[PDB]
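Reviewing the structure listed below.
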Amino acid sequence: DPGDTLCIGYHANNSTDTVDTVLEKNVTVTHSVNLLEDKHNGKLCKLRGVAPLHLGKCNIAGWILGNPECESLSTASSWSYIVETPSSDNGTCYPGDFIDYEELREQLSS
Amino acid sequence: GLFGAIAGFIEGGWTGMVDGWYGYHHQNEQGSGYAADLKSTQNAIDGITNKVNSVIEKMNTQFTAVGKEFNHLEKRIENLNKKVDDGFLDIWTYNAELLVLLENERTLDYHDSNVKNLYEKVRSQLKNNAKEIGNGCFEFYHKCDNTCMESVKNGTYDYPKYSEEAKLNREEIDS
Amino acid sequence: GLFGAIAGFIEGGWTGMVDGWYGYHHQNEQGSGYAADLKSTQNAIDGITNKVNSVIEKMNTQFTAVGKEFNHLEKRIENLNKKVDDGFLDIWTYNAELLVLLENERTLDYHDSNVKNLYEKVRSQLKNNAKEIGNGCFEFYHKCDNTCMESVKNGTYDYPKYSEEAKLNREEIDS
Amino acid sequence: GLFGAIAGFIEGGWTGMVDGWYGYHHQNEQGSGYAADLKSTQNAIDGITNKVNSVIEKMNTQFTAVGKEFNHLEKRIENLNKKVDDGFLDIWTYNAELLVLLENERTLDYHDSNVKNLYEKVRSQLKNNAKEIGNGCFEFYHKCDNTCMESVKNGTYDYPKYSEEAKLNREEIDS
Amino acid sequence: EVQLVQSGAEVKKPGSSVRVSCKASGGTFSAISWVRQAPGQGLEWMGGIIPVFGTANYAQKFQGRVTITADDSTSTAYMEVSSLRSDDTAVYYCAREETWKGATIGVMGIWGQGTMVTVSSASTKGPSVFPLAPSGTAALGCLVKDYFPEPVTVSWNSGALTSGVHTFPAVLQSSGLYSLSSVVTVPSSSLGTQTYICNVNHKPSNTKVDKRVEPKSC
Amino acid sequence: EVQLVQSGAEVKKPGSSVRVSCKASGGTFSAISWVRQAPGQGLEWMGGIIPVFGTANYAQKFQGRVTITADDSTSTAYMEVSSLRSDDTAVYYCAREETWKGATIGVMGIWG
Amino acid sequence: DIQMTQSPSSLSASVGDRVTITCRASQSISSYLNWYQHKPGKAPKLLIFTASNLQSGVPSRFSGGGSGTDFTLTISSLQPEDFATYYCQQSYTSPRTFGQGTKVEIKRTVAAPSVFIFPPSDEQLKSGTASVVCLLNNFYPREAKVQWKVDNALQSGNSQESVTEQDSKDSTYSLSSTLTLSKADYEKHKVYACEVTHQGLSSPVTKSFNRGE
Amino acid sequence: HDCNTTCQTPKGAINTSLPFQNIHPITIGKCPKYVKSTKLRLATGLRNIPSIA
Ligand SMILES: *[C@@H]1O[C@H](CO)[C@@H](O)[C@H](O)[C@H]1NC(C)=O
Ligand SMILES: *[C@@H]1O[C@H](CO)[C@@H](O)[C@H](O)[C@H]1NC(C)=O
Ligand SMILES: *[C@@H]1O[C@H](CO)[C@@H](O)[C@H](O)[C@H]1NC(C)=O
Ligand SMILES: *[C@@H]1O[C@H](CO)[C@@H](O)[C@H](O)[C@H]1NC(C)=O
Ligand SMILES: *[C@@H]1O[C@H](CO)[C@@H](O)[C@H](O)[C@H]1NC(C)=O
Ligand SMILES: *[C@@H]1O[C@H](CO)[C@@H](O)[C@H](O)[C@H]1NC(C)=O
């Protein structure tokens with residue numbers, strides 16, 4: 001016979017991707033996909049296109065009451081969620097108890 | 001390998017084949033080179049893509065705010081709220097880890113099955129006109145030109161056409 | 001197919017066989033017809049039924065009222081209650097969808113394995129007394145009556161009995 | 001068996017082999033005995049141990065007190081708390097039962113594949129120098145001493161060395 | 001199901017480069033193919049990418065210029081072509097291999113919405129409208145000439161007159177600018193009874209024109 | 001990762017017996033091997049146990065005296081040797097077959 | 001590479017008729033041919049892939065078949081909706097080539113064009129450029145010849161032709177021929193003619209005007 | 001900042017279609033599930049064996 005051989009084989013590359021299986025850990029594969037999200041843009045954004053409501057120097061109690069260390073919205077405003085930094089202190093400047101604070105915060109969230 | 005083809009009787013892969021996952025290395029007087037089996041490669045890509053799509057698309061969610069705010073006299077519901085979040089975290093983590101672990105094993109065996117099937121498909125086409133020589137390789141007892149080569153890749157090899165040519169060569173190599 | 005039998009080297013199924021999942025088509029002087037392998041068919045039905053029973057019976061529940069009623073000043077626990085219901089809905093939906101998707105793949109391969117095993121069981125019984133001709137078919141080199149036919153279905157084929165009869169016929173067909 | 005080796009063409013196991021899961025029974029003039037294939041046995045133990053470790057180690061928990069105390073006027077949150085506990089109980093029970101059921105099936109097939117691969121590895125080494133006689137057994141056409149025996153266990157059998165010795169014996173047994 | 005939303009139309013000059021977006025409504029890993037149709041010509045597949053096999057297969061004509069890429073997390077496909085030339089002035093489409101069977105590589109399946117790309121040395125030029133005064137039935141119309149780029153929106157009497165209205169396709173003249181003609185047939189009696197005004201709008205140049213098509217009298 | 005914490009040092013007289021503990025920080029089913037080093041001498045593997053294959057493989061020198069065992073729930077390994085003699089005065093180590101590949105039987109991997 | 005050749009290049013029917021479009025390949029593509037329908041101003045739609053397997057949402061009237069090198073797409077009864085251009089694309093090997101194109105038209109009785117002419121406006125003449133517009137409204141068939149006769153001298157290269165798509169009400173076409181000349185060459189002549197030769201007209205129809213009147 | 005998003009976390013928004021995330025367990029909007037997993041790599045190709053020996 002004049003040689004004339006034919007071979008069956010599979011593909012290989014230089015990829016260093018390693019995956020974990022039930023029977024063996026760190027198996028190198030030619031191609032793989034990542035199912036986990038671990039990166040964030042590091043900025044609070046506009047959910048549903050509507051910008052959030054930012055308070056800053058005040059908590060929700062300060063802004064809703066009108067503490068002199070807080071701003072107010074004169075025009076018709078809208079928001080998708082509320083941002084309240086932990087540095088916010090200027091809320092109920094006069095000491096006292098604000099009833100249903102957590103309930104009102106949730107109702108004012110959007 | 002579960003089917004014994006990948007890392008089995010085919011010891012290693014081919015870096016010279018870049019156009020597909022599974023394919024062939026041919027050799028004749030016209031030369032030699034690597035080619036990928038279009039039929040088996042595309043049918044494996046579709047299954048893997050469906051596998052990836054199935055994992056992702058079946059997860060459908062809605063708008064939801066996880067955050068809950070409680071005061072210092074609402075510890076029990078706060079602990080109840082935390083118990084809900086932690087329980088969901090453990091359930092999702094365990095399922096996600098095991099899903100990848102089990103499906104990664106399935107995917108590798110899926111490639112193993114496809115390689116084994118492709119070898120057997122060629123084996124059924126050639127029958128005794130070729131000699132198995134290991135490493136997933138066949139030696140032809142008759143001359144096979146470029147038209148004859150791709151005819152195996154086509155899936156249209158003519159066994160009776162070279163049956164008598166190969167049979168005469170079969171009984172002379174073995175003394 | 002994972003094992004390459006269903007939709008593989010056996011290209012198509014038989015509608016003439018209605019008494020079982022896997023079986024045979026015989027041909028001799030007494031006639032021809034379809035018959036189902038009782039042993040392999042029943043052993044596959046039991047596995048599938050156990051598979052269906054396992055999915056259903058392992059789900060055991062108790063009496064429970066999902067409905068919870070809250071007032072307008074209990075939004076947070078109401079949101080907490082909704083968060084519990086929605087989380088359970090997403091978890092159950094994803095597991096149920098993936099369970100069917102993965103088990104449906106397993107079931108089809110299970111039928112593929114059984115078809116492949118049945119062919120190999122017949123192959124081991126006949127050895128060189130029969131010629132593989134593709135499509136999961138065997139050609140006998142010796143005459144095989146109805147008793148000889150079902151003897152293969154029984155699993156009690158006598159290779160030495162027709163060994164010399166088939167060997168003489170083997171060396172004359174091939175010139 | 002999915003691969004048809006365990007409880008398939010190898011009808012039964014060997015209690016005389018206690019040093020491993022898969023192995024060999026040899027027979028020659030020097031005697032007979034059982035030996036375990038070190039390579040295939042260890043590679044199966046590692047996979048099973050990884051399988052057991054994967055199920056256990058991926059479950060990582062933290063300090064948590066399940067107990068919650070409510071009064072007689074907190075029935076709804078108490079029912080909400082109970083609904084959380086019962087929902088977690090049903091989810092974990094169903095996943096745990098199905099995980100064992102599916103993985104137990106996978107483990108048995110994994111042993112089936114390994115037995116089948118070991119037989120085919122020996123088959124590829126011997127080629128026509130040995131005759132398949134069923135039950136996963138080979139008969140040598142040439143004398144095979146202890147060095148020749150373990151050379152198959154080594155994986156270093158010399159086919160050309162006994163090719164002419166076995167070929168002469170091959171054409172005389174068959175008349 | 002998933003829906004494909006391509007990027008907006010963009011106009012550039014020869015020698016530049018452009019990248020086209022293709023966002024998925026949900027998340028999928030189906031293959032990506034980009035197809036171009038030139039004005040008056042047939043479809044032409046440009047290239048493709050397999051998310052699970054990596055790589056990026058292109059055509060012989062486009063190999064070297066085009067660069068088809070996709071991102072997994074956003075499920076967004078990108079098609080970039082460099083060394084832009086007037087030959088590539090066409091509309092580009094984004095498709096994903098998907099049918100009821102599944103991934104079904106090879107078939108375009110779900111398509112996008114198209115993306116008009118215009119390459120020419122001409123800059124943004126406002127349209128000029130000249131009234132085609134009318135002479136059974138009579139025909140009067142407006143002439144939108146020498147504008148860039150496409151398109152111009154032409155109506156009649158602020159959309160009051162629609163039947164018999166024929167707005168002709170734009171024509172690329174020898175100057176690299178577009179010219180358009182809009183006509184409508186009305187009964188000869190209403191020539192003086194009803195005044196006819198055409199409303200040509202070309203937002204790329206922020207030009208909106210209302211021309212009074214007065215009858216011509218000798 | 002899992003961490004191995006062996007039992008404390010113990011001193012006895014010839015003829016007695018001793019069992020050594022090997023607690024895992026987490027839970028694992030990796031194989032167990034115990035190795036002894038005598039003062040001024042080299043290392044010496046004593047025996048091993050495969051949690052998934054059962055059994056307990058020892059060495060020729062130690063077969064009969066040593067008894068290596070492990071418990072699954074606590075993931076704790078135990079090495080007991082009887083008929084203590086002055087020749088066994090040494091330091092004993094507990095190791096688990098584990099690398100980045102996985103179970104990797106044969107290699108000591110993590111030590112005590 | 002593969003050369004997809006669609007036959008016929010163009011066709012026409014009158015709703016409810018049986019339609020058959022043939023697509024030929026240079027080499028053998030087995031059964032990797034797919035049919036697509038393209039509408040003016042709308043995204044292309046897949047109808048038949050792998051020579052069979054009607055896409056979800058496509059009505060059963062669209063039926064495809066064939067293998068090897070010759071393929072065929074059939075529509076049982078033609079409707080108003082499926083009046084569009086059809087393309088056959090191969091996917092057997094890269095590059096994936098489409099067909100040349102096969103347009104479908106709603107059949108209509110032969111209708112003579114209504115020819116109108118528009119001289120350049122006095123407002124436009126102030127800009128130094130002149131545009132003479134010839135209009136053909138609601139005619140059939142599409143094919144027509146427009147000749148510009150400037151002082152009985154045939155102007156060539158100075159005119160451009162624009163044709164609208166078929167109207168959905170009467171199934172007719174409209175044509176616009178714009179012969180552009182500068183104000184200098186426009187006033188060099190006094191007579192401008194638009195000779196239209198069309199099937200619906202027994203003889204060519206010429207509409208002319210005299211400059212300055 | 002002034003860019004749209006479909007999911008928001010205190011550490012920052014995410015624009016992803018993957019079904020899992022590990023940035024922050026407290027989210028607002030259409031968001032993936034939160035897991036403790038560190039590496040979830042799903043193999044799509046076959047075992048890479050380019051080794052010459
Ligand atoms: C099969 O391959 C040979 C090799 O050139 C060719 O002659 C023949 O056309 C091929 N058949 C196809 C492509 O269907
Ligand atoms: C095997 O089949 C033959 C066919 O008739 C019959 O003679 C024999 O009894 C069968 N053996 C059984 C049924 O055990
Ligand atoms: C193979 O087995 C034979 C049997 O004794 C022996 O001579 C030879 O050394 C072995 N090869 C090894 C152990 O590598
Ligand atoms: C299967 O096809 C049907 C239409 O025939 C469609 O509704 C369904 O979504 C398809 N399956 C999948 C998983 O898309
Ligand atoms: C794989 O190896 C890496 C180090 O190369 C390690 O970080 C990782 O934990 C290993 N995989 C497993 C499952 O232990
Ligand atoms: C968000 O989307 C809205 C759509 O209504 C759009 O008006 C707004 O400009 C977008 N914000 C961006 C892109 O920052």
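Quick note on naming: the chains in the structure tokens go A, B, ... in the order shown, residues restart at 1 in each chain, and ligands are numbered from 1 in order of appearance.
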Using only C-alpha atoms, I'd like every residue of chain D that has an atom within 12 Å of chain A; please write them out as a list in words.
residues 43, 44, 45, 46, 47, 48, 49, 50, 51, 52, 53, 54, 55, 56, 57, 58, 103, 106, 107 and 110 of chain D
Residues within 12 Å of ligand 6 (only C-alpha atoms and all ligand atoms), as a PyMOL selection string?
(chain A and resi 44-51) or (chain H and resi 1-6)
Env of residue 159 (chain D): 8 Å cut, atoms = only C-alpha atoms, seq-sep filter 5 positions within chain, self excluded. Answer as a count of residues only.
4
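One finds CA of residue 70 (chain E) at 28.1 Å from CA of residue 25 (chain H).
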Run DSSP on the backbone and grab whatever in region 78-174 of chain C lands in alpha helix (DSSP H); send it over as an MDAnalysis selection string.
chainID C and resid 78:126 146:154 159:173
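Around ligand 3, the neighbouring residues within 12 Å, taking only C-alpha atoms and all ligand atoms, come to residues 38, 144, 145, 146, 147, 148, 149, 150, 151, 152, 153, 154, 155, 156, 157 and 158 of chain D.
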Per DSSP on the backbone, filter region 28-168 of chain C down to the residues in strand (DSSP E) and report them as a PyMOL selection string.
chain C and resi 28+31-36+130-132+138-140
Keeping only N, CA, C and O atoms, write the selected residues to a file as a PDB file, in the first residue's frame.
```pdb
ATOM      1  N   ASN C  28     -36.419 -14.154   6.882  1.00  0.00           N
ATOM      2  CA  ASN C  28     -35.994 -15.494   6.505  1.00  0.00           C
ATOM      3  C   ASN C  28     -36.976 -16.030   5.471  1.00  0.00           C
ATOM      4  O   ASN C  28     -37.825 -15.295   4.955  1.00  0.00           O
ATOM      5  N   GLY C  31     -40.716 -15.766   6.352  1.00  0.00           N
ATOM      6  CA  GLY C  31     -41.342 -14.474   6.225  1.00  0.00           C
ATOM      7  C   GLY C  31     -40.472 -13.396   6.836  1.00  0.00           C
ATOM      8  O   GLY C  31     -39.251 -13.531   6.926  1.00  0.00           O
ATOM      9  N   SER C  32     -41.129 -12.308   7.234  1.00  0.00           N
ATOM     10  CA  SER C  32     -40.455 -11.194   7.877  1.00  0.00           C
ATOM     11  C   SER C  32     -41.464 -10.459   8.746  1.00  0.00           C
ATOM     12  O   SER C  32     -42.678 -10.557   8.539  1.00  0.00           O
ATOM     13  N   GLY C  33     -40.949  -9.723   9.723  1.00  0.00           N
ATOM     14  CA  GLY C  33     -41.811  -8.963  10.609  1.00  0.00           C
ATOM     15  C   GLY C  33     -41.006  -8.282  11.694  1.00  0.00           C
ATOM     16  O   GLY C  33     -39.783  -8.432  11.784  1.00  0.00           O
ATOM     17  N   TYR C  34     -41.719  -7.525  12.525  1.00  0.00           N
ATOM     18  CA  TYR C  34     -41.132  -6.769  13.625  1.00  0.00           C
ATOM     19  C   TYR C  34     -41.443  -7.434  14.959  1.00  0.00           C
ATOM     20  O   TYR C  34     -42.541  -7.963  15.159  1.00  0.00           O
ATOM     21  N   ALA C  35     -40.470  -7.401  15.869  1.00  0.00           N
ATOM     22  CA  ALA C  35     -40.655  -7.894  17.226  1.00  0.00           C
ATOM     23  C   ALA C  35     -39.831  -7.037  18.175  1.00  0.00           C
ATOM     24  O   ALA C  35     -38.778  -6.512  17.802  1.00  0.00           O
ATOM     25  N   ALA C  36     -40.315  -6.906  19.407  1.00  0.00           N
ATOM     26  CA  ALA C  36     -39.681  -6.072  20.417  1.00  0.00           C
ATOM     27  C   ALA C  36     -38.948  -6.938  21.432  1.00  0.00           C
ATOM     28  O   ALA C  36     -39.458  -7.980  21.857  1.00  0.00           O
ATOM     29  N   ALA C 130     -22.017 -13.855  11.275  1.00  0.00           N
ATOM     30  CA  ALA C 130     -22.818 -12.835  10.619  1.00  0.00           C
ATOM     31  C   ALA C 130     -21.922 -11.683  10.188  1.00  0.00           C
ATOM     32  O   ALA C 130     -20.848 -11.455  10.753  1.00  0.00           O
ATOM     33  N   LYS C 131     -22.379 -10.954   9.174  1.00  0.00           N
ATOM     34  CA  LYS C 131     -21.658  -9.816   8.622  1.00  0.00           C
ATOM     35  C   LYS C 131     -22.397  -8.529   8.960  1.00  0.00           C
ATOM     36  O   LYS C 131     -23.595  -8.408   8.687  1.00  0.00           O
ATOM     37  N   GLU C 132     -21.682  -7.577   9.553  1.00  0.00           N
ATOM     38  CA  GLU C 132     -22.258  -6.262   9.798  1.00  0.00           C
ATOM     39  C   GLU C 132     -22.415  -5.520   8.477  1.00  0.00           C
ATOM     40  O   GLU C 132     -21.465  -5.417   7.693  1.00  0.00           O
ATOM     41  N   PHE C 138     -27.617  -7.360  10.544  1.00  0.00           N
ATOM     42  CA  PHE C 138     -26.720  -8.498  10.409  1.00  0.00           C
ATOM     43  C   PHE C 138     -27.219  -9.405   9.297  1.00  0.00           C
ATOM     44  O   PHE C 138     -28.425  -9.627   9.164  1.00  0.00           O
ATOM     45  N   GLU C 139     -26.291  -9.932   8.502  1.00  0.00           N
ATOM     46  CA  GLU C 139     -26.602 -10.919   7.474  1.00  0.00           C
ATOM     47  C   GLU C 139     -25.999 -12.254   7.883  1.00  0.00           C
ATOM     48  O   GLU C 139     -24.793 -12.343   8.134  1.00  0.00           O
ATOM     49  N   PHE C 140     -26.835 -13.287   7.945  1.00  0.00           N
ATOM     50  CA  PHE C 140     -26.382 -14.610   8.355  1.00  0.00           C
ATOM     51  C   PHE C 140     -25.758 -15.347   7.177  1.00  0.00           C
ATOM     52  O   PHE C 140     -26.309 -15.350   6.071  1.00  0.00           O
TER      53      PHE C 140
END
```
I'd like the neighbourhood of residue 63 (chain F) as a list in words, where a residue qualifies if any of its atoms comes within 12 Å (using only C-alpha atoms), though same-chain residues fewer than 3 positions away should be ignored.
residues 46, 47, 48, 56, 57, 58, 59, 60, 66, 67, 68, 80, 81 and 82 of chain F
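Closest approach to ligand 4 among E:92, E:168, E:111, E:100 is made by E:100 (distances from only C-alpha atoms and all ligand atoms).
The smallest atom-to-atom distance between ligand 4 and any of E:11, E:103, E:49, E:152, using only C-alpha atoms and all ligand atoms, is found for E:103.
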Given only C-alpha atoms as the basis, pick out the residue of G:20, G:75, G:32, G:167 nearest to chain B.
G:32
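Straight-line separation from CA of residue 75 (chain C) to CA of residue 107 (chain A): 8.0 Å.
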Counting only C-alpha atoms and all ligand atoms, what residues are within 9 Å of ligand 4, given as a PyMOL selection string?
(chain B and resi 54) or (chain E and resi 1+98-102) or (chain G and resi 55-57)
Near-ligand residues for ligand 5, threshold 8 Å, only C-alpha atoms and all ligand atoms, as a PyMOL selection string
(chain A and resi 18+20+25-26) or (chain F and resi 1+99-102)
Counting only C-alpha atoms, which residues of chain H come no farther than 6 Å from chain E, as a PDB file with C-alpha atoms, in the first residue's frame?
```
ATOM      1  CA  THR H  16     -24.828  42.818  32.952  1.00  0.00           C
ATOM      2  CA  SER H  17     -27.045  39.974  31.785  1.00  0.00           C
ATOM      3  CA  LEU H  18     -25.272  37.211  33.720  1.00  0.00           C
ATOM      4  CA  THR H  44     -17.426  25.554  26.423  1.00  0.00           C
TER       5      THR H  44
END
```
Could you give me, as a ChimeraX atom specification, the residues within 12 Å of residue 87 (chain C), counting only C-alpha atoms and dropping anything in the same chain fewer than 5 positions from it?
/B:60-62,64,66,84-89,91-92 /C:79-82,92-94 /D:84,87-88,91 /H:32-34
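Near residue 207 (chain G), within 9 Å and counting only C-alpha atoms, sit residues 115, 116, 117, 134, 192, 193, 194, 195 and 196 of chain G; same-chain residues fewer than 4 positions away were not included.
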